Amino acid sequence: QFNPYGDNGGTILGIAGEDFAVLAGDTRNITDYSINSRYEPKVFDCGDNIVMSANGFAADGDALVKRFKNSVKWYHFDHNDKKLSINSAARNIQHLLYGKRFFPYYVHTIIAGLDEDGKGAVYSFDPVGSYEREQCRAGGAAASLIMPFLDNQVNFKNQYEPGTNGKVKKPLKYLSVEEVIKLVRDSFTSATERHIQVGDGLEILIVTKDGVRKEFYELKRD
Amino acid sequence: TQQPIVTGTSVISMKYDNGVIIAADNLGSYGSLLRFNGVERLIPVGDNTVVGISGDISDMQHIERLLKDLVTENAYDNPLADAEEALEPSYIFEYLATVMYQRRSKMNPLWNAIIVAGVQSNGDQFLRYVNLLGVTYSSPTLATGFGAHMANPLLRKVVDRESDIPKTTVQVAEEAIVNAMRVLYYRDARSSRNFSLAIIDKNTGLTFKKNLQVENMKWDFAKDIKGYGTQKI
Amino acid sequence: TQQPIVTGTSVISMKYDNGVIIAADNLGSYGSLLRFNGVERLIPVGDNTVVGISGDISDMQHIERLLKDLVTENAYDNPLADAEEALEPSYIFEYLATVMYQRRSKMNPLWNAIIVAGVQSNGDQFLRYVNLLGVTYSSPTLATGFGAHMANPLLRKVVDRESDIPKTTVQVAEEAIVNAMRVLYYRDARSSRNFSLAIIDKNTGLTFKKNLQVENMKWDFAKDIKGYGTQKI
Amino acid sequence: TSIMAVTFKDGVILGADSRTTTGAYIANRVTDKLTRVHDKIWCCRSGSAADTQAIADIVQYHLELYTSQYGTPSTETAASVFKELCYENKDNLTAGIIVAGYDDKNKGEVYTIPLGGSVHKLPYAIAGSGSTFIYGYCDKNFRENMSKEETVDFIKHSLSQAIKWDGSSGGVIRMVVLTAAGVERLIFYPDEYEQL
Amino acid sequence: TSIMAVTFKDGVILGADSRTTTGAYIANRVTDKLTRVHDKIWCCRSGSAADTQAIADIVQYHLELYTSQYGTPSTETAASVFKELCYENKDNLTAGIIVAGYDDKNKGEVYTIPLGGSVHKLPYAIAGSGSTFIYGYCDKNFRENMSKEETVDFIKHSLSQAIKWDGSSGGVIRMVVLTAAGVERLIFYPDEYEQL
Amino acid sequence: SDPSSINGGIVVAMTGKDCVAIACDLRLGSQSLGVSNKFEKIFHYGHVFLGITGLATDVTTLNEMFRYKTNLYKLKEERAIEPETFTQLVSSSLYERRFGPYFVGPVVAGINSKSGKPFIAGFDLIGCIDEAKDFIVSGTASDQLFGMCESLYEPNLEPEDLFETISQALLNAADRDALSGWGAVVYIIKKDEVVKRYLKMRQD
Amino acid sequence: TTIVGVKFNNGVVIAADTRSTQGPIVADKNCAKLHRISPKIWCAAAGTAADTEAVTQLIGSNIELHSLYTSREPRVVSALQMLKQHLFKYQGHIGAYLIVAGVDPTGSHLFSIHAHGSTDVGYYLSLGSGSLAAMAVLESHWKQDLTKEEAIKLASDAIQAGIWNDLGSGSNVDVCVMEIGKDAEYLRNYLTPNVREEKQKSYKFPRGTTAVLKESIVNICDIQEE
Amino acid sequence: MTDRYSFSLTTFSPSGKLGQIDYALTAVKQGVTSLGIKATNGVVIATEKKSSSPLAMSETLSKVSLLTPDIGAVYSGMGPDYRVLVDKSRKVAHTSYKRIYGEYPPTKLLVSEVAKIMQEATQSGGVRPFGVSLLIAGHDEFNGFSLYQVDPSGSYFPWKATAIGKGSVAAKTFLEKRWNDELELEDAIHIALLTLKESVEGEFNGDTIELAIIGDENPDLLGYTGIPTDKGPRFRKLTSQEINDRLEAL
Ligand SMILES: *C[C@@](C)(O)[C@](*)(O)[C@H](Cc1ccccc1)NC(=O)[C@H](Cc1ccc(OC)cc1)NC(=O)[C@H](C)NC(=O)CN1CCOCC1
Ligand SMILES: *C[C@@](C)(O)[C@](*)(O)[C@H](Cc1ccccc1)NC(=O)[C@H](Cc1ccc(OC)cc1)NC(=O)[C@H](C)NC(=O)CN1CCOCC1
Ligand SMILES: *C[C@@](C)(O)[C@](*)(O)[C@H](Cc1ccccc1)NC(=O)[C@H](Cc1ccc(OC)cc1)NC(=O)[C@H](C)NC(=O)CN1CCOCC1
Ligand SMILES: [Mg+2]
Ligand SMILES: [Mg+2]
Ligand SMILES: [Mg+2]
Ligand SMILES: [Mg+2]
């Protein structure tokens, strides 16, 4: 029997700061126990200060991104070059995914950018289009390894103020872009150590009011 | 949904400093029967692109005709068809990738794995893969089937990353490709000795070599191997 | 539980006035492959019995050895082993029927259909069938496999009931058997031209004919048949 | 079934056995598996009898309409029409067809169309269940540019062996000879071909 | 696999390809499929590698114990011991074995034991997946009482063709010659046998 | 149906400087129903600690089995079993049920009383030993524990630091798993004192 | 797993990677897949981890007892015969795939054995998920009359192909060299090409970060005197 | 063709004696002298190679046997009974211990298992007791060096030094005078050689004496390098040459 789905591995990670957001993904692409590529980008500048990744089955991921990019293009044509806000992108992506509710896009989608007050925004989707805004999300193969670390280190979960018995939580702070990139780099090194489908390279897209910047780092190639 | 009947095995390929090389053997298998011994699975498109195809041969012949018709259609009302508006490797690839994914999305795939090798207008090397699922990827080396498991490890010792491509000559790359084809003949039960090889260079253009053979094979150590364990004679 | 691998097709047989005739072709098929062309499937036991066996050949060879050992064992401490205490067709049959049914009852059948043809001490004709299920029956004509569908109708035109047996000579019966074997060669895809035939007569004893061939075949009308319908040339 | 088509100096010859099976029963022992789709374009049929008939009838219709409009079709054209039907309906058909024809320009040609609906132009072709048993024989004994009498013998000996070993092949050996001279139907009975 | 054993004037010769498969992967390309169960009794192995080894090791043990007690076993005796194992364990084994041996009394003999565990004494035998492609060739080219050089050529040409057409056969052609003179091991590499 | 995730639970162990830590959650459920909030998964035989995750009937059975075997060991040898030896005994005992296995993920922790060397080991359900210098994880949130441990861990932590590190690894892994949590216990083990602490954690 | 065996002039060398996996997760980054059967008979293991450990320990135990009984140094063919008969009896259910090598009074030997009980002889061999990546290297670079140094190089290169190109294999390369006339040398972590880079940050928490409900001292000691 | 002897052949007599055990001990008295001496850093065990013919190659008959790499045995009494006990003792060390715990048994526990086997021959149906006494010398990590005697009854006792067989009364007395708790292994070997000369009639050299030690780890005898924690067998059989060297300073 023909199986229309495959699993191309990889992992992705979105974190929001006060006036920026990052979307990171490894650059490895796999099927079964083979490496297809050590550098196949997975995180894309979509226009209007929005970055997007759709991790899982890469063919579905590429189709989805391609359709959203096209959605942005037609949003400009039909609404007088108006900027597509991140909340509006999110809702549009829900309709793209839910359109294929009974033959789903086999991906976990994350978008990142700035909301309409200039604050960092991360939106996160399931394969059929349910979504939520968060400070914080990992998706893909190593999501189960990475998310709990992010719960601990971004939202300070289970951390209390020392000497308060256990009755005052560690207070929530926004993190600087330098502190976020550290958590991203450590998150991916940890995932590379323990997950066979994660490795090769890390590409981070950072979004500020000034635009989209890229950073790249080597990861272990085994 | 179908099942592949007459099939072609690996297509292997790599980038080198000035271009790309791609190769595939000349066999059309019918299950375990080595049915057809003169099948060309490298199909040139213009003088800048070679499409290497593995998997179902009937679907390969369909793709061959799609490409031939694409050249015909691009020439229509196009006085620059042999110049600035000639078909590029990237145009040919995106067309095939579009088709493959549409066909998988209707549960009626073209049962193939495809590598499009070539050189763009600006001299850039092009090397990208697409298969029956519409999955696409690019890398300094690419191979389908058994080639992914045995050729890639060998070809990656030569070009392990993007920075190794300018350091690699056409002589070194062709030798690695020719060696990889021998290893596949040793080890793949649905391979053949006879193969075709194509080089697309930014200076010298398209060179297409037919009727190559795997040569310089080590079999001599076989005479010393006796039994499966304790048998001495 | 198994499945038969190397197989023998029909065994056909009938009674006539003074005895019994039995025949079977010399083929051991391996699915659709006509693998072995000199297989004897009629096995004499003494000078009064022939056991004709169809189905799995490995199980046939096992039965062959059971019968050979039965003769050896009946001779033990038996000064009348070549006379009044010789093995009878009815003794050989009951032994085989016992075994077949025991084996089916343990879900490990001997994958065969068997006809035991012979003549008893008192001159009575013996002809009885047994198969992998332990089902047994007797009739003036008996046949296994395709033989049941094509040979029996022909052989029953000669001996349709018990009262027809004294009216039927060995010449008439042998001719009917030889004709039936030709019809099976025409129509059974797992049959052969070469066969063996055995007659057990109450007066002349056991005659065993090897290397018979189907002869006098009508193929000539084939040259006039063209296409499947409307095709004239 | 055992079928083959062999190109030679003066043209091409098609050969076939005459057995049609319904399981182990032989439904027809004098079947004609060589069928005319045009005056000098013929095909050998293997696989489903119904499927290959339906296909051959459609091809005969397409080529008769080709003839009316555009003149005599090439053997390649006839093979293309078989292929289109076999390829597009691959899920629903079990047809292995060899197409053979004679042009004055191209001389004798042979195209084989196996199960998937691929096309393969060859000097000679073999197909059907019985063909497995003669790959070795045919490869060793085929030469190009044989005489008519040599090619008749090559096919007679080849299908002889296919028939000997394959239970799904048998009966007579039919042949169709395609040259500039015209169309010659041959038949060979078991008593000639078995003793080879 | 492609295996055969051929009796000739001075004795018997066994031949085999050297390919072991794990699906489409070739686990061993220089396999030795001809195995000694007694000084002048050898067998060709096809089917499951584990099953045929286990069987051959047991047979070697049985015949060494036969030798100690009763002297040199006949080739028929060796075949009987293979058969007993193959027949009684038919549900659990996938073994197609050809047994070949040389006595001074009986000269060269060949017994084939296919899947079900039947035994068949033959002038020559072929087996394994690749044997299907040479039934026609071998039937046409085998004669009795061939010379050693003729028999070596017959096997070389036969397995050449089996290897050519069967993807599950390949590598070198190994042979074992069994005569009164002794035991001669031969090997033939692709560059010799392919161009035949 | 899948016996390794009917009841839920997790165990993690870590080495520090002249110390080891082993921790577990307290939940026992029947799929979605939480049944008990007190089901400890860590046992000790003298100074050797054993954590067991998986099917709870097998957790209990194996504890009783290793209590039996180590009691007899001690009577015959006239000394307490050491962690390296107990690790081999766990492996032997699991592998003898190779084709009808105990559905468990055992974890050994302790300090060799002669050499002073900290020791941890993990196993699969049929006895393959994973002897790690850094950490061992087991249970329904093992993916989550692997991620926490691989990022949070550093070598040569002092007992009171190691406690924070292992507790944060456990707590945050448990919170991303439906079948783990409901309480947690952390044993800090030095050569001749062992402190046991119950953690305050989210009760959902 | 990637495991290899390479024959050389005066002996045989075997090598292995050091990764074990549980699904797509790496359970252990530094396992020992080179198992000692006897002092000069070693094997590299692939397949079900517990099965390979149990099968080599059992056969090693019985080889030791056989060596004592016969007053002879154990032979590789005996290890092979015992392994094949054991594995065959279990009909593939004991999933051990082993490269079995060593030196004994008869010489130097190299075998492979599969889970169903089939064995092979060779000058170079590979098993496991990375066996194709390793065999590509072995088929390209192997020659007859190899030195000890050339064989270690070839074997570790073959493992590296597995480490880099096969997702089933990673971390380090282990080697064991068995030379005629000499002690076998086991080279644990012969290559270490995958050391984890320095982390960006320390995650050491402030003491008191974790909320505690109860403490107590655990009694580990025996029952006390007086 | 059946074993119908399912009843004891060793039974209590009216005086309370187990005759077959006493008679086994008498067979042990007739046997050649063997002895063991425990030092601070080792143990020595020794006996005479009483050869039956001078055409016999006495090298091929090993009276002193390795049981584990750190445990050795010697006997007095019936040699064939010893040989099968050595086979079983080697095996039980694997089956009842190494295959469970991954390490060789401590001396006292291996002794305990041999003792068990010998006790079973004293009570089970259709057998006689073993006609040997063993001296088992060994080392293990938590007990250090030890020396045990095992008798036909299955009883075992730990010794500082002892002797069994023919001239054991005299040899035990000789050892009571020479033994102290500060002996170094070489001094124990020297005492073993002195004690054994009293009990030997004929030739007294390295070809007629069999002597082994449990001492330091011998890494050169291991057969492989690369595992730090495997340091080698503590059991070593002294060669003919090594014994003769110590007989010149005697
Ligand atoms: C080798 C052989 C004899 O089979 C050869 O290929 C024949 C070619 C032939 C026969 C007559 C005219 C022209 C060409 N084929 C047959 O004899 C076929 C065999 C066959 C049956 C069914 C299928 O199905 C996929 C493939 C091959 N015989 C028939 O088609 C006969 C007339 N019909 C049936 O047996 C009924 N079938 C049974 C299976 O389900 C479909 C209906
Ligand atoms: C044609 C060929 C090459 O297959 C021929 O028959 C080989 C004979 C041979 C090979 C090596 C030594 C001696 C003789 N056979 C093989 O290469 C077999 C093919 C085969 C596998 C499995 C079965 O199972 C019924 C039949 C034939 N190869 C093997 O046995 C290999 C080593 N093992 C496996 O592929 C593992 N198998 C897979 C199927 O399930 C059982 C375990
Ligand atoms: C590359 C690899 C990882 O496959 C190589 O073969 C490892 C060899 C090895 C040898 C000795 C010690 C450690 C590692 N093998 C493994 O790491 C195996 C891989 C494996 C998993 C599952 C199956 O299932 C049939 C076969 C092989 N890993 C394990 O055995 C792990 C530790 N245990 C399990 O996955 C649980 N097992 C799986 C088999 O069924 C019983 C439960
Ligand atoms: Mg990785
Ligand atoms: Mg081949
Ligand atoms: Mg929870
Ligand atoms: Mg809840």
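Just so it is clear: chains get the letters A, B, ... in the order the sequence lines come, proteins before strands, and each one is counted from 1.
Taking each heavy atom of H:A192 and H:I37 in turn, the nearest pair found is N-CD1, 3.5 Å. Nearest heavy atom pair, residue B:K232 against residue B:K226, reads O-CD, 3.3 Å. The heavy-atom pair separating G:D183 from G:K40 by the smallest distance is CA-CE, 4.2 Å. Residue H:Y5 comes nearest to H:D3 through the heavy atom pair N-OD1, 3.0 Å, listed as atom of the first residue, atom of the second, then distance. Taking both residues in full, the closest heavy atoms of G:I63 and G:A79 are given as CD1-N, 3.8 Å, listed atom of the first, atom of the second, then distance. Pairing each heavy atom of H:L185 with each of H:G215, the nearest pair is CD2-CA, 4.3 Å.
Other residues, nucleotides and ligands place more than 12 heavy atoms under 6.0 Å from the CZ atom of H:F142. Remark: H:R234 CZ is packed, more than 12 non-hydrogen atoms of other residues, nucleotides or ligands lying under 6.0 Å away. Around CZ of H:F204, the count of heavy atoms belonging to other residues, nucleotides or ligands within 6.0 Å exceeds 12. The local environment of NZ in F:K76 is sparse, with at most 12 non-hydrogen atoms from other residues, nucleotides or ligands closer than 6.0 Å. Enclosure of atom CD in H:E184 by more than 12 non-hydrogen atoms of other residues, nucleotides or ligands within 6.0 angstrom is indicated. Under a cut-off of 6.0 angstrom, the local environment of CD in H:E120 is crowded, with over 12 non-hydrogen atoms contributed by other residues, nucleotides or ligands.
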| message | Run H:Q149 and H:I164 through side-chain contact (heavy atoms from CB on, under 4.5 Å) and show every step you take. | response | CA-CA 9 Å; H:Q149 185 183 338; H:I164 51 169; 3.5 Å; yes
Query raised in the report: Does the pair G:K84 and E:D57 meet the rule for a salt bridge (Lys or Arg N to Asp or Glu O under 4.0 Å), with working shown?
Result: CA-CA 11 Å; G:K84 108 162 90 191; E:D57 289 348; 3.4 Å; yes
Ring pair (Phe, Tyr, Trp, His ring centres under 6.0 Å) for F:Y73 and H:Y101? Distances and angles first, verdict last.
CA-CA 10 Å; F:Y73 183 94; H:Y101 303 111; 5.3 Å; yes
Practice task
Could you walk me through whether H:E186 and H:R246 pass salt bridge (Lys or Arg N to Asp or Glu O under 4.0 Å), step by step?
Solution key: CA-CA 9 Å; H:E186 284 292 349; H:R246 291 170 177 76; 2.8 Å; yes
message: Walk me through whether H:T107 and H:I136 qualify under side-chain contact (heavy atoms from CB on, under 4.5 Å).
response: CA-CA 8 Å; H:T107 314; H:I136 288 160; 4.1 Å; yes
ask   = Do H:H190 and H:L250 pass the side-chain contact (heavy atoms from CB on, under 4.5 Å) test, and can you show the C-alpha distance, the side-chain angles, and the key distance before you say yes or no?
value = CA-CA 8 Å; H:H190 171 76; H:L250 205 297; 3.4 Å; yes
Carefully, step by step, assess G:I14 and G:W42 under the rule side-chain contact (heavy atoms from CB on, under 4.5 Å). CA-CA 8 Å; G:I14 59 170; G:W42 293 66; 3.8 Å; yes
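Of the possible polar contacts, one joining the G:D104 side chain to the G:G107 backbone as a donor-acceptor pair under 3.5 Å is found. With hydrogens and angles disregarded, no donor-acceptor distance shorter than 3.5 Å links the side chain of H:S199 to the backbone of H:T33. Checked by atom type and distance alone, the side chain of G:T119 never pairs as donor or acceptor with a backbone atom of B:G229 at under 3.5 Å. Checking side-chain atoms of H:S89 against main-chain N and O of H:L85 turns up a donor-acceptor pair under 3.5 Å. Looking only at distances, no side-chain donor or acceptor of H:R236 sits under 3.5 Å from a matching main-chain atom of H:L221.
Atom CG of H:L109 sits about 9.0 Å away from atom CD of F:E78, to the nearest 0.5 Å. If you take CZ on F:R79 and OG on F:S113, they are separated by 8.0 Å, rounding to the nearest 0.5 Å. Interatomic distance, SG of G:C43 versus CD1 of G:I99, reported as 9.5 Å (0.5 Å rounding). Rounding to the nearest 0.5 angstrom, the gap separating the OG atom in G:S38 from the CD1 atom in G:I59 is 12.5 Å. Between the CG atom of H:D151 and the CG atom of H:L134 there is a distance of 9.0 Å, given to the nearest 0.5 Å. Interatomic distance, NZ of H:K108 versus OG of H:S146, reported as 9.0 Å (0.5 Å rounding).
For the 3.5 Å distance criterion, the side chains of G:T147 and G:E150 qualify, holding a donor opposite an acceptor. For the residue pair H:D230 and H:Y224, a side-chain donor N or O sits within less than 3.5 Å of a side-chain acceptor on the partner. In this model, a donor atom of one side chain and an acceptor atom of the other lie less than 3.5 Å apart for H:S155 and H:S153. Looking at H:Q123 and H:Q119, their side chains do bring a donor and an acceptor atom within 3.5 Å of each other. With hydrogens and angles left out, the side-chain atoms of H:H94 and G:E64 include a donor and acceptor closer than 3.5 Å. Residues H:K63 and H:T47 bring a donor and an acceptor atom of their side chains to less than 3.5 Å of each other. Side-chain contact annotation: G:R72 with G:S67, donor-acceptor N/O pair under 3.5 Å absent. When only modelled atom types and interatomic distance are considered, H:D207 and H:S240 share a side-chain donor-acceptor pair under 3.5 Å. A donor atom on one side chain and an acceptor atom on the other are found under 3.5 Å apart for H:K29 and H:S168. Side-chain contact check for H:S76 and H:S133: no donor-acceptor pair (N or O, by modelled atom type) lies under 3.5 Å. Counted by atom type alone, H:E242 and H:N244 present zero donor-acceptor pairs between their side chains at under 3.5 Å. Under the 3.5 Å distance criterion, with hydrogens and angles disregarded, a donor-acceptor pair is assigned to the side chains of H:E103 and F:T85.
Here H:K38 does not pair with H:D181 in a salt bridge; the nearest charged N to carboxylate O distance is not below 4.0 Å. F:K117 has no carboxylate O lying under 4.0 Å from a charged side-chain N of F:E84, or vice versa, which leaves the two without a salt bridge.
With contacts defined as side-chain heavy-atom distances shorter than 4.5 Å, the pair G:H86/G:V55 qualifies. Here the side chains of G:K148 and G:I152 are in contact, with some heavy-atom distance below 4.5 Å. At a threshold of 4.5 Å between non-hydrogen side-chain atoms, the residues G:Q81 and B:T230 count as touching. With a 4.5 Å cut-off on side-chain heavy atoms, G:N9 and G:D145 count as touching. By the 4.5 Å heavy-atom criterion applied to side chains, B:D224 and G:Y123 are counted as neighbours. In this structure, G:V177 and G:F8 have side chains that are in contact, with non-hydrogen atoms separated by less than 4.5 Å. Taking the side chain as every heavy atom from C-beta outward, H:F130 and H:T122 never approach each other to under 4.5 Å. Between H:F174 and H:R178, some side-chain heavy-atom pair lies under the 4.5 Å cut-off.
Using cut-offs of 30° and 60° on the angle between ring planes, the pair G:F111 and G:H109 is parallel. Ring planes of H:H139 and H:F145: tilted class, angle from 30 to 60°.
Taking the centre and axis of the six-membered ring of H:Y104, the NZ or CZ atom of H:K98 falls inside the cone set by 45° and 6.0 Å.
Of the listed residues (H:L35, H:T162, H:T195), just one forms a side chain to side chain contact (heavy atoms under 4.5 Å, CB included) with H:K172, and that residue is H:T162.
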